[PDB]
Amino acid sequence: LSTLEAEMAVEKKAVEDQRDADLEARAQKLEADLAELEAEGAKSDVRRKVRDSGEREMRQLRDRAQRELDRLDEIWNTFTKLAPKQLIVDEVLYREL
Amino acid sequence: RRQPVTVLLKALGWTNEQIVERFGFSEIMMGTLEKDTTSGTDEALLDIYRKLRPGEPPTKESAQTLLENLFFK
Amino acid sequence: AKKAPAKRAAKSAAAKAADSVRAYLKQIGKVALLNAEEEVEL
């Protein structure tokens, strides 16, 4: 159980590091692009729809990372409480187990 | 069973104000939409899709044509 | 439809749920069709 939990933590962390790395890159990109938008004369509602679209593309990146964090927690919880007579309907989960 | 008559009225694409507009004097017509938790016309088609076709994950192409093909067609 | 595409994830709720042929079609649908190059590869 020790070495397994240890390998699961690193795995779950590697996913976390990536989400952070990816989320800061998309934020800087939006900072660069809202910079060109102020450089040229740009309608105010146009500058906000760039942020709105940019903000939404970030929520996607985080949600996807959250999905994998939950899928990983489901794997680990299932395996630790695993007992005979339990029923596993996922089969993509089951394959990972 | 377990199907509110309001969830489908939105499945056609009619917005709620139309319900409040068409329902009018009907009190349970408003209370059924007031109690119903379905938000959006496409989300109601999904609550209708899993009850009608359980076991099949839907598609926006299949979610819309399901109601159209069932009766109007 | 950004919050609607997350509701279209109810397709996940369907993959977790009477007819025997429907059951078999669900599983064969989970695989992916090869193109000409992969068929040669395999």
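Because the Cβ atoms are built from the backbone with ideal geometry, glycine has one as well, and the counts that use them run over all protein chains shown. Each reported figure results from applying straightforward, stated rules to the coordinates on display, with no laboratory input.
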Within chain A, helices (runs of 4 or more DSSP H) holding 3 or more residues that are hydroxyl-bearing (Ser, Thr, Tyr) and out of contact with any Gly (no Cβ under 6 Å at 6 or more places or on another chain): A:44-81
task: Could you please find all residues in segment C:1-25 being over 21 Å from B:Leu45 (Cα atoms) and surrounded by 10 or more Cβ atoms within 10 Å (Cβ to Cβ)?
output: C:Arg22, C:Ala23, C:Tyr24, C:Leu25
- request: Kindly provide the set of residues from segment A:19-64 that are in contact with a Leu (Cβ under 8 Å, 6 or more places away or on another chain), more than 14 Å from chain C (Cβ to nearest Cβ) and among the aliphatic types (A, V, I, L, M), ordered by number.
  value: A:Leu23, A:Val46, A:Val50
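For residues in segment C:2-18 being at the interface with chain B (Cβ under 8 Å from one of its Cβ atoms) and part of a loop (DSSP other than H, G, I, E, B), which is farthest from the chain's Cα centre (by Cα)?
For segment C:2-18, the residue satisfying everything is C:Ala4.
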- line: Output for Cβ contacts, cut-off 6 Å, separation at least six or different chains, first residue closer than 16 Å to C:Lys26 by Cβ in segment A:83-97, second surrounded by 10 or more Cβ atoms within 10 Å (Cβ to Cβ), reads A:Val89/C:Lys16; A:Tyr94/A:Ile88
